[PDB]
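Everything below concerns the one structure shown next.
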Amino acid sequence: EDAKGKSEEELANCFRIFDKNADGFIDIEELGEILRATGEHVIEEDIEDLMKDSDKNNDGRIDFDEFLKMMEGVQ
Ligand SMILES: [Ca+2]
Ligand SMILES: [Ca+2]
């Protein structure tokens with residue numbers, strides 16, 4: 001289904017672009033605005049699922065490992 005190209009390197013940097021507050025980790029609260037900014041009208045019930053597929057250590061926060069994992073398979 002076509003290739004996305006890009007590479008982990010680029011995504012790596014984006015990491016800091018997500019953590020706009022002293023957190024060093026992406027939590028659900030941050031996911032809200034992030035997704036809300038787009039035109040998908042996401043609701044907590046949906047944003048929560050995104051964290052589940054990522055949160056591999058039950059830390060209520062997506063890190064670089066869990067984050068990249070999702071970015072690779074968006075949606
Ligand atoms: Ca953060
Ligand atoms: Ca986690």
| field | Positions within region 16-56 being outside any helix (DSSP H, G or I), surrounded by 12 or more Cβ atoms within 10 Å (Cβ to Cβ) and among the aliphatic types (A, V, I, L, M), in sequence order | value | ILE26, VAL42
| What are the residue pairs meeting all of these: first residue in region 44-73, first residue in contact (Cβ under 8 Å) with a residue 60 or more places away in the chain, second residue assigned to a helix (DSSP H, G or I) and surrounded by fewer than 17 Cβ atoms within 10 Å (Cβ to Cβ), Cβ atoms under 7 Å, and 6 or more apart or on different chains? | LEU68/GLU8; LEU68/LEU11; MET71/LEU11
| said: For the structure I just gave you, tell me whether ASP59 is surrounded by 10 or more Cβ atoms within 10 Å (Cβ to Cβ), over 13 Å from the mean Cα position of the chain (by Cα) and within 12 Å of ligand 2 (Cβ to nearest atom). | reply: yes
| field | For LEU68: the one exception among (1) more than 13 Å from ligand 2 (Cβ to nearest atom); (2) in contact with an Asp or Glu (Cβ under 7 Å, 6 or more places away or on another chain) | value | (1)
| note | Of the residues in region 43-75 that are under 18 Å from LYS20 (Cβ atoms) and hydrophobic (A, V, I, L, M, F, W, C), the one that is nearest to ligand 1 (Cβ to nearest atom) is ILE62
| message | Just to verify a result, which residue in region 1-28, among those that are under 11 Å from the mean Cα position of the chain (by Cα) and not hydrophobic (A, V, I, L, M, F, W, C), is farthest from ligand 1 (Cβ to nearest atom)? | response | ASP27
| query | Does region 62-75 hold any residues that are surrounded by 12 or more Cβ atoms within 10 Å (Cβ to Cβ) and of a type outside the set (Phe, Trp, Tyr), and which are they? | reply | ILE62, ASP63, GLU66, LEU68, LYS69, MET70, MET71
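FYI, it's all coordinate maths here, none of it is from the lab. Cβ coordinates were reconstructed from backbone atoms using ideal geometry, including for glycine residues, and neighbour counts include every protein chain displayed.
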